[PDB]
């Protein structure tokens, strides 16, 4: 359901419209008011349509039957097209000016916000449920604003990538039980190699800039990197990847994993979990807001610190979250500190763990005396 | 294994170097309780031995030096560092002896400048605190969060500073030799940790005068002579060393400033006595000037009929030679001030060659020389270096930036100030640490001593100058912002400080005014303070403005609309904390809105009379936002307030819905009482918002409109009916059990008094018949009840005294003025 | 729960009685054999006022059973020591403490 | 109280010295004049004894000012949500701002000498990146008003004074190749937050002066305590003085860039926004006249209000002239479709009846003579 919305919501990825005309050739021609052209949201890959039971919705491309899914621009609301030219065409519409009026030409109606406001919208967020109205109001003229190429490019990966893991997760829980034994797999094969390629692409796509670069250049790359990570979180990619590690974690060892999926799939298991933690570390690195999300489920990563197959990455993940979000330190309780100290006792004299403790002591220049003492008490007196 | 092998065993070297870092981290930010515990694992002998170990690896050398500083020196360093920004001076002969220039014969305007840090500093700085680290002591019977805080672990400082001085001399002489094997491995690992130790001691003040003289000799001998030995300043040190070098320089740069401040105080001491003496003699002469003068003496004694601020201003108002007519000072005194100005600016390097000869122009040369040698790559080094360069080029401006923290005190109460300052150290130390139960008790006694300190009242300008109120505010800001969404843990200290601030407001108008200037900043943090009782930021906000006609006038629109918007939220949503505690649900918050109403009641009513500007603005926001009125008097479908009161009375009377159905919390909420209390404060607010009668009698245009509006909202039949409602009455019986109502869970006279104030200010009393029709059914039961209850068994009860205040404050003043 | 072993004989006659502060150099020891505390490390004598219960009762009783110049090996069982709580950040709970105490001087 | 208070000689010493110092600073320290800005820069602008090494690169290696400016640009470029305060930035930015201007018929041949030296000092600053430094700081302030941004513009005017063409070119080039959005976003936000004349604050101040209060530590006669009307007036004065300077010399290249941003993703129209601000001003000054019919005479606060308030309109009008002269047709069309005409009407009607009211008496000859040059 389309909604008007105001504020910081629509600087995210969920506000990007692609104008797709009906002509395969010369689709990149200029725009004519009153000419048929579809509307597509990039992240969903769905199309605006006049449905039958819920009015104006988005429909899957499988059912975009060109009747409910066509629209036409106009400068007014008065009842009146020209034939398609195999060329660039004449310049009509402005960017940042030239207020437009979209009309569902097949139905003749007009998109307009629904006036009534229930108790939920009495004081809460002001989102206006736009509805394809028969005549509409007056102030529903619209601007057109250009998003930068980079985020426009970025958006399409979310739609491509998410469906890949949607398939992956469906594969995972399909063989979650039902041991294969010595026979055939559960069902269809999982796009493991494509997933492996995808993760390797994203990790590079999220690599922090190198320190040898000029200052301002580094700052600019941070500007982009910060924007990217927040966009992926706001599209729920972090929720996706956390589901990925969750489903992958139910196997202690590769042969145990192989008992339910398959021997041919068993080799990639350690690789993919290492990629996942590396991707997550890149995802959280540097963003306070993205970082803060682990306060609700801090115990979850602590439940996995004992795992051996991918431990260096997850420890780096923990380093990244603690080095940034002070409130996570305010969530720390004694069981956690017993888990990190156990890591030092189990994984040798890994100096990184010390830096984890050092991050536990002070965060952004404030002392956490409720934690510092627990570090001293559980570590110093034994002297071993 | 030998630690010197770690210069080869790198894989362990990193780990142990990190280990020292972890030791610094756990003892970081003055956690002295931990800092003592460290002294078991690292011993004083080990640290002192490790200082001189030349073959020791670089990173571990710097780590160990920093570990020493953290375990022993940071807490007292940081506290002293903060106290360096203030300049409190005593009226003592040692202060008097302080002079801008040392005695000499170099030049008339300016002799040879005094050596930095060499001399006497009378400025107040509290004593350091130390404890002998001895761990066999019995475990104190005082439990956690109640025992007083552990001091910094002790260590021999006079021996330490001798070792550090000798170490510096070793480094200075070694550096000139241009040896290929610097101590620790690198020049930066050699010079930097030692320079850090010297800087920390310099801040500490451990060094004596001769020690300082030597320090100035090692850094630069020939410039600092008073009447290979090559100093630090030309051995082309790496950038990281230059950072510490700048720290060393700026420490001395503060000394001349503090010297100037004290020298000014000494001048103030000597000069003011001459001023008061001459002004006294002129007074005695002026009283007998009548024999040769006339009414022009009114001009002459205008000075003596003017407050001292302008008296001294006119006394000083002779600088430019075009204003001396009003100056009564003899020319010798007039000369003395200009003389002190001349050498003062000379000591500021304003008015008066390859020999630098002095600190200011030396360091200016130094900074420019460094800058032109290379592009400096450390941003912090750049920032500090230009920080210094500005400080030298503007001697007067930094002094002008220092005087607002300068205060002169009599020597009588210096120990009282010391007592105050140690609490000031506690509060200042608590900005940089998350609050805990131990710290909570620390703050509670920290302010407890402040309220017991008489200087805290005797010199309030000093307290404002220190900005202790600001420092407290930041603490609550952090406490509220931490977990503001859910609920506030540690509320006892929150309400203790909010009690304190209200006390601070009552000290004086100016203290209140400065406290006021952060009013808006309080309001957002007060959005969840409704959960806790006692004292709140909203309470502080109210007392920040109480009975200030200038301030209620200056109370900005944005502030008011922000408050009413909050009140709208309270009037539209339940209280989640009360909802969780078993209480039944209603679609609004009587308690929270009532607190806002009490604020507005102080926001618009000043010194017994309404303020029209605030009154009309607030009612304009109430009318634009009708949800503020609550479910009753809402508009479409909103039942009357008259109808609203009765079930609220029944709710309070009948249990299982007045409260949770599970005082016991000592402030257990009673819904019906809260609902009616909100209504009462709402009426009382409008009543105090009513226009004054001289305005209504003059019939001012818009003024009539407001009174029309309020009369449209509130009908008379409601006013008389609720004013005529019955009251619970104390009775004697049941083995003499004096049945008394619970004032927190029963109908109260105050709520009636609110409406009486409403009727008087809005409708008033016009005709005799309606007067009697109010008297018989509304007032007469009250007087007969009070007169009956006027008995030694009941007159001292809560309800009887409630009526005594109710009648003598609301009914009787109304009746008395309508007697004709 | 304390037992004492002579190390370096002194006088054996002037036992420490109430009234005089005891001046001692000691050297703590973990029971497993880990050195954690001493007085020669800080180089200064540790003088404690007896009878006022400033130190733990095991050390107090051991000091009482000593004599001037008699170096002694103490053994504080946890009951006469920090016990079930331990000195925080230094000594874990439930550990026996061994002390190389040398009462060098009474005043 | 003045008849029966404590005589000054009976005051305690510590109290007396306390008021002594605070009076003394206001009498001698604050009044003191000491110019050192020129010797500041003249020390930091030299390459002292580096000719001996003579490295192969031409790159003039030492430059204390350039490093200082670079450092400020460095901290200006951090990825920080809020822009803090730096006292050194106040000091240095003010120093370099004060260093450029340095300023009965005097002839042309010696006039050009002072202007050519003024350019030289401006060159001495802008050639070391100070021009860009101002630009990033304006981008970084995120439209949040403050002292540091006020000093930033004060510097920008200090280097743009006299309508420096090549400085304007450097400005344009920096925007063109950076394609920054927030600079104009901040400019728009800053101008939207600029205040306008208000009745409520004015009358509240009038009543406050009506009280005629005293403090407890003596008494001050007619104190000039915090002013709530046109507090930010000099901020609005110099903001438009900055925009006028950056369009001075008929920079058709820059005016069209203001009306539309070719490179940038989102275009912000300064001209229409400036008109909208003028509209808010017009209502404010109008309504202030719409408070003066029953009152037939104008007191001091009303006069001082109009004196500062109208200087805003004078500066804005000079700004619009600089946007339009040359002429820039695209801007002319924008104003043709703007709300300027209605604002013009309101100003005319205010000038209409106002100068009658001022003509009724000689008490307001001053304010009338400013109004004359306003329209």
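Chains as they are written, first to last, in our numbering: chain A, 20 to 403; chain B, 11 to 830; chain C, 3 to 109; chain D, 2 to 376.
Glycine is no exception: its CB is placed at the ideal position from the N, C-alpha and C atoms.
| Asked | Found |
| --- | --- |
| If you count every other CB in all the chains shown that lies within 10 Å of the CB of residue 353(D), and 16 or more means buried, which is it? | exposed |
| Could you tell me which of 254(B), 550(B), 86(B) sits nearest to residue 609(B), measuring between CA atoms? | 550(B) |
| Thinking C-beta only, is residue 254(A) closer than 9 Å to residue 32(A)? | yes |
| Kindly say whether residue 381(B), judged by its beta-carbon, lies nearer than 9 Å to any beta-carbon of chain D. | yes |
| Looking at the unbroken alpha helix (DSSP H) that takes in residue 397(A), where does it start and where does it end? | 388 to 398 |
| Tell me the start and end of each unbroken beta strand (DSSP E) in the region 400 to 458 of chain B that is at least 3 residues and wholly inside, in chain order. | 416 to 419 |
| For a contact defined as C-beta to C-beta under 8 Å, what are the partners of residue 78(D) on chain A? | 234, 235, 238 |
| Using CA atoms only, rank isn't needed, just tell me which of 786(B), 89(B), 398(B) is closest to residue 90(D). | 398(B) |
| From residue 407(A) to residue 128(A), what distance separates their C-alpha atoms? | Outside the modelled stretch of chain A, which goes from 20 to 403, sits residue 407(A), for which no answer is possible. |
| Taking 9 Å as the CB-CB limit, is residue 30(C) close to chain B? | yes |
| Going by Cα to Cα distance, which pick from 274(D), 96(D), 81(D) is closest to residue 88(D)? | 96(D) |
| Measure from the alpha carbon of residue 104(B) to the alpha carbon of each residue in 273(B), 75(B), 177(B), 663(B), then state which is nearest. | 273(B) |
| My output table needs one value for residue 841(B): the three-state DSSP class, helix, strand or coil. | Outside the shown range of chain B, which is 11 to 830, sits residue 841(B), and nothing can be said about it. |
| By alpha-carbon positions, which one of 383(B), 127(B), 624(B) ends up nearest to residue 55(D)? | 383(B) |
| Check residue 59(A) in the structure and name its three-state DSSP category. | strand |
| From what residue to what residue does the beta strand (DSSP E) around residue 49(C) run? | 48 to 50 |
| Start and end of the alpha helix (DSSP H) containing residue 590(B)? | 586 to 590 |
| According to DSSP, is residue 132(A) part of a helix, a strand, or is it coil? | strand |
| Of all the CB atoms in chain A, is at least one closer than 9 Å to the CB of residue 235(B)? | no |
| If you measure between the beta carbons of residue 226(A) and residue 237(A), is that distance less than 9 Å? | no |
| For the region 690 to 733 of chain B, which segments carrying the alpha helix (DSSP H) assignment without a break, of at least 4 residues, lie completely within its bounds, in sequence order? | 703 to 708, 711 to 723, 726 to 733 |
| Using the beta-carbon of each residue, which ones in chain C are nearer than 8 Å to residue 7(B)? | Residue 7(B) lies beyond the range of chain B shown here (11 to 830); nothing can be said about it. |
| Starting from residue 32(D), find everything on chain A with Cβ-Cβ shorter than 8 Å and list it in chain order. | The contacting residues do not exist; residue 32(D) stays about 41 Å from chain A at best. |
| Output needed for residue 739(B): all residues of its chain with C-beta closer than 6 Å, excluding positions within five of it in sequence on either side, in chain order. | none |
| With which residues is residue 147(A) paired in a DSSP beta bridge? | 23(A) |
| When you compare only the Cα positions, how much space is there between residue 523(B) and residue 554(B)? | 8 Å |
| Identify each residue in the region 118 to 152 of chain A for which the Cβ-Cβ distance to at least one residue of chain B is less than 8 Å, and report them in chain order. | 141, 142 |
| Determine the closest residue to residue 304(D) out of 288(D), 364(D), 238(D), 143(D), with distance taken between C-alpha atoms. | 364(D) |
| How is residue 36(A) classed by DSSP in three states: helix, strand or coil? | strand |
| DSSP state of residue 5(D), grouped into three classes? | coil |
| State the Cα-Cα distance for the pair residue 296(D) and residue 705(B), rounded to the nearest angstrom. | 19 Å |
| Give the list of continuous alpha helix (DSSP H) stretches no shorter than 4 residues that lie fully inside the region 39 to 120 of chain D. | 65 to 77, 88 to 102 |
| With a Cβ-Cβ cutoff of 9 Å, do residue 394(D) and residue 271(D) count as a contact? | Limits of chain D in this structure are 2 at one end and 376 at the other, which puts residue 394(D) out of reach. |
| Could you tell me the alpha carbon to alpha carbon distance between residue 210(A) and residue 90(A), rounded to whole angstroms? | 37 Å |
| Tell me whether residue 748(B) is buried or exposed, calling it buried when 16 or more other Cβ atoms sit within 10 Å of its Cβ. | exposed |
| When the cut-off is 9 Å and only beta carbons count, does residue 74(D) lie next to chain A? | yes |
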